[PDB]
Amino acid sequence: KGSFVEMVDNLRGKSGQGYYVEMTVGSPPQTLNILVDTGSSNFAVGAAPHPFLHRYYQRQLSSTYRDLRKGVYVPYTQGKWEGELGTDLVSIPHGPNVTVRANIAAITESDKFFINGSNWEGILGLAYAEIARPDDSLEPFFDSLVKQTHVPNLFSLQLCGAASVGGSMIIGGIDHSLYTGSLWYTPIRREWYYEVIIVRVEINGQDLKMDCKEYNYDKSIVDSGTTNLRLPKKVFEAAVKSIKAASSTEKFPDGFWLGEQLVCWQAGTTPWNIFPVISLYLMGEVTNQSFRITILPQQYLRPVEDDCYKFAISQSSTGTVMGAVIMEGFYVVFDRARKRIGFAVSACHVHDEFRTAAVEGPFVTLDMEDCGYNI
Ligand SMILES: CCc1ccc2c(c1)[C@@H](NC[C@@H](O)[C@@H]1Cc3cccc(c3)CCCCCCC(=O)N1)CC1(CCC1)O2
């Protein structure tokens, strides 16, 4: 049919290793698990043996394969792949009831890209052509979907926490059963990454009081393919200082704040109360209007196996990244048709005794124009 209930719970994954959706490529249909990545724009799949691949795309066996006789490579933050461009027919079984001819990068070689036992064999870049490789003429999968079918030009992501993870990618719309309260929208500043503008940051109700330009230096992006909340150096330093001070009744290894060492407590004794909430204020849809999303320590302390955790806020020199840990517990609407991103409290929100993850508005914020970074 293509109705939204068919896409509820269509995502799986492992903590820190991305979320993936099932797809098929070719005729007969070949099934692969595909990482869902709002931080890139290339559709690429393993297409040759690799120690970490359980299966891969075999172009010889597909009668609808077409070679584009062109190479391609994509460098991500920690890994990269190269391969051969082609087109083929693509479907999402737990998706809309459609089949599109899409661009596909067949991965022949890679370095630190695939992850040992992640269960995915490819990546679906859902951001815009501007960051596609080799260049912005290689149409991204979602652009092809929208062009070739009646699927509306938007999708939404409900990434759920815990170890296995699950969630939903609603292709073509919004499923009202996956969130509560109001959707709050922030403009997509520019169509490349899903770029947005942070206008204020508060920690436990205390304004960081930095020039708002620091928050978006050199950009702020919403990125399901990145695990952590990643903050520019100056912001990261101020947030860490503030988070250290709030939790200074416990002792922490110094490698913990850099994201290397685990910290552990007796099962069920995690002192959540000493870790502050973080509020990120985002530019809204009307003049002088913003809204805020509030992050609980259960989002930025990632469980890894006594209860053990990694600090999931880290330093960046390439701007703010609102990664999976921020997106978890929110329903995120990538409303491309209207150049905006919506946030609402997810149905699978995180539980804290006395505190709640929230999306709240409206707020008044003057001079939000000034928060955007320019060279
Ligand atoms: C166009 C390719 C590209 C290049 C650089 C880049 C990005 C994208 C932005 N998004 C990164 C994600 O695309 C990438 C997806 C991914 C690839 C392979 C494996 C995973 C995730 C799961 C494990 C996490 C790897 C580290 C984060 C990452 O590179 N995610 C994130 C930023 C932009 C600001 C930081 O850097």
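Side chains are part of it too, since the values below use all heavy atoms of this structure and drop only hydrogens, waters and symmetry mates. Whatever order the structure lists ligands and atoms in, that order sets their numbers, starting from 1. Throughout, numbering of the chain's residues begins at 1 and tracks the sequence.
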S.K.: Judging by distance only, is a nitrogen or oxygen of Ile221 under 3.5 angstrom from one on ligand 1?
M.R.: no
S.K.: Which residue and non-hydrogen atom of the protein lie closest to atom 17 (C) of ligand 1, and at what distance in Å?
M.R.: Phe113 CE1, 3.7 Å
S.K.: Is a donor on one side and an acceptor on the other found under 3.5 Å between the side chain of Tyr194 and the backbone of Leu126?
M.R.: yes
S.K.: If I compare all heavy atoms of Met283 with all of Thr186, which pair ends up nearest, and what's the gap?
M.R.: O-OG1, 2.5 Å
S.K.: Using a strict cut-off of 4.0 Å, indicate which atoms of ligand 1 neighbour a heavy atom of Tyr193.
M.R.: 3 (C), 4 (C), 5 (C), 6 (C), 7 (C), 8 (C), 9 (C), 33 (C)
S.K.: Is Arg336 positioned over the aromatic face of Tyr128, cation under 6.0 angstrom from the ring centre and no more than 45 degrees off axis?
M.R.: yes
S.K.: I'd like to know if the side chain of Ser346 and the backbone of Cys348 have a donor-acceptor N/O pair within less than 3.5 Å.
M.R.: yes
S.K.: Check whether any N or O atom of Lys219, backbone or side chain, sits under 3.5 Å from an N or O atom of ligand 1, and answer yes or no.
M.R.: no
S.K.: Under the salt bridge (charged side-chain N to carboxylate O under 4.0 Å, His left out) test against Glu84, which residue among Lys70, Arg69, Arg59 passes?
M.R.: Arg59
S.K.: Of the non-hydrogen atoms in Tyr331 and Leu183, which two are nearest, and what is the gap between them?
M.R.: O-CD2, 4.3 Å
S.K.: Just jot down the ligand 1 atoms closer than 4.0 angstrom to any heavy atom of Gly39, in number order.
M.R.: 7 (C), 8 (C), 9 (C), 10 (N), 13 (O)
S.K.: Mind checking whether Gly225 has an N or O less than 3.5 Å away from an N or O of ligand 1?
M.R.: yes
S.K.: For a side-chain hydrogen bond (donor to acceptor under 3.5 Å, both in side chains) check, start with the C-alpha distance between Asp223 and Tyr193, then their side-chain angles and the critical distance, and finish with the verdict.
M.R.: CA-CA 8 Å; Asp223 182 358; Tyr193 293 105; over 6 Å; no
S.K.: If you measure every N or O of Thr77 against every N or O of ligand 1, does any of those distances drop under 3.5 Å?
M.R.: yes
S.K.: Any idea which part of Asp223 is under 4.0 Å from ligand 1, heavy-atom wise: side chain, backbone, both or neither?
M.R.: side chain
S.K.: Heavy atom under 4.0 Å from ligand 1: found in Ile115's side chain, backbone, both, or neither?
M.R.: side chain
S.K.: Test of understanding: given a 4.0 Å heavy-atom threshold, classify the contact between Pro75 and ligand 1 as side chain, backbone, both, or neither.
M.R.: backbone
S.K.: Are side-chain heavy atoms of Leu32 and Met23 found at a separation under 4.5 Å?
M.R.: no
S.K.: Do the ring planes of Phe256 and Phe252 sit parallel (below 30°), tilted (30 to 60°) or perpendicular (above 60°)?
M.R.: parallel
S.K.: Can you list the atoms of ligand 1 that are under 4.0 Å from a heavy atom of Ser40?
M.R.: 1 (C), 13 (O)
S.K.: Purely on distance, is any nitrogen or oxygen of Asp37 under 3.5 Å from one on ligand 1?
M.R.: yes
S.K.: Quick one: are the ring centres of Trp184 and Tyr179 less than 6.0 Å apart?
M.R.: no
S.K.: What protein heavy atom is closest to atom 20 (C) of ligand 1, reported as residue, atom name and distance in Å?
M.R.: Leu35 CD1, 4.1 Å
S.K.: Find all atoms of ligand 1 within a distance of less than 4.0 Å from any non-hydrogen atom belonging to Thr318, and give their numbers and elements.
M.R.: 34 (C), 35 (C)
S.K.: Considering only protein heavy atoms, which is closest to atom 25 (C) of ligand 1, and at what distance to one decimal place?
M.R.: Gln78 OE1, 4.1 Å
